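A single chain, nothing else alongside it, follows as structure tokens in the form deposited in one PDB entry.
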């Protein structure tokens, strides 16, 4: 066939990546790339906040009237350390190797930035804790994560120093639209992509999940995930890993860290990746 992968395996993807045909990689990532960092999947299975209903703690209208439950939940689930995973540093290596067009992330945990992806490299489709803003439209003072953490830990509701309005993390609450950046980057990036690397997402949250259908028909798509995902739903109506018509989609099933290690090893990057992770982890462990 005219297909770009010589075989539908991780080995086939690595050979394609190091061929002249593969210049621009888009990563699509979800909570599975951060579970080994101790960040919980807010959407996965596994009280004192006295909400009118459970979903209120993540809705924008409620947050603006009663922000204390959200910031109480924030301190409770606040991670004791922000250490990106092997997967995050694999994407930094892609950037270093000149291969990363964009990382679209479902995650709000900031680990992509800590691992060295820059604003231009990222589409934080669901927002982020990395910056926060005064909610007053005429003010919009920006506050960094260090300022917000101090307010959350001292259990003081964060208020703007300029105008005393509430300060909200730049997360997309329910009732808010996705950032315009998501749609503007999608319209351009998918004209240019040679490889989709889908890591740690089961492609269940829309419109993010629809990004896989924006790839050109020839673009190979590798899923690294604990479970197979992204296939067409036999009910509702996609990834085709297993039919006789399959030609470009590959599933590597396991922990995201181990899949990225396996791919890096095939690429000849295992020592580079180990050295990067050990150095960055050491630096984070040594923060004083």
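Take the two forms, find the largest set of C-alpha atoms that superpose within 1.5 Å, and that set is the rigid core. Positions refer to the first chain, counted from 1.
Coverage remark for residue 39: present in the model in all other entries compared whose chains are built on both sides, leaving no third without it. In the record comparison, residue 236 is unmodelled in at least a third of the other entries of this protein that model the residues flanking it. Per the record, residue 46 and residue 47 are separated by a gap of 4 to 9 residues from the deposited sequence that were not modelled. Averaged over CA atoms, B-factors in the entry run higher in 174-182 than in the other of 174-182 and 95-103. For the pair 71-79 and 129-137, the record assigns the higher mean C-alpha temperature factor to 71-79. Across 32, 259, 238, 220, the entry's maximum B-factor at the CA atom is seen for 238. Residues shown: 156, 115, 123, 209. Highest C-alpha temperature factor in the entry: 156.
For residue 255, the recorded CA B-factor ranks within the middle third of the chain. Only modelled residues enter the ranking. Split the chain's modelled residues into thirds by C-alpha temperature factor. Residue 284 is in the lowest one. When the CA B factors of the chain's modelled residues are split into thirds, the value for residue 85 lands in the lowest one. Per the deposited record, the Cα B-factor of residue 145 falls in the highest third when ranked against the other modelled residues of its chain. Residue 165 sits in the middle third of its chain by CA B factor, as recorded in the PDB entry.
The discussion below concerns the form deposited in another entry, not included here.
Only one candidate in 85, 165, 106, 110 has its Cα displaced by 2 Å or more between this form and the one not shown after core superposition: 165. The rigid-core alignment places the CA of residue 67 2 Å or more apart between this form and the one not shown. Annotation for residue 136: C-alpha shift of 2 angstroms or more between this form and the one not shown, rigid core superposed. Residue displacement note: residue 58 has its CA displaced by at least 2 Å between this form and the one not shown (rigid core superposed).
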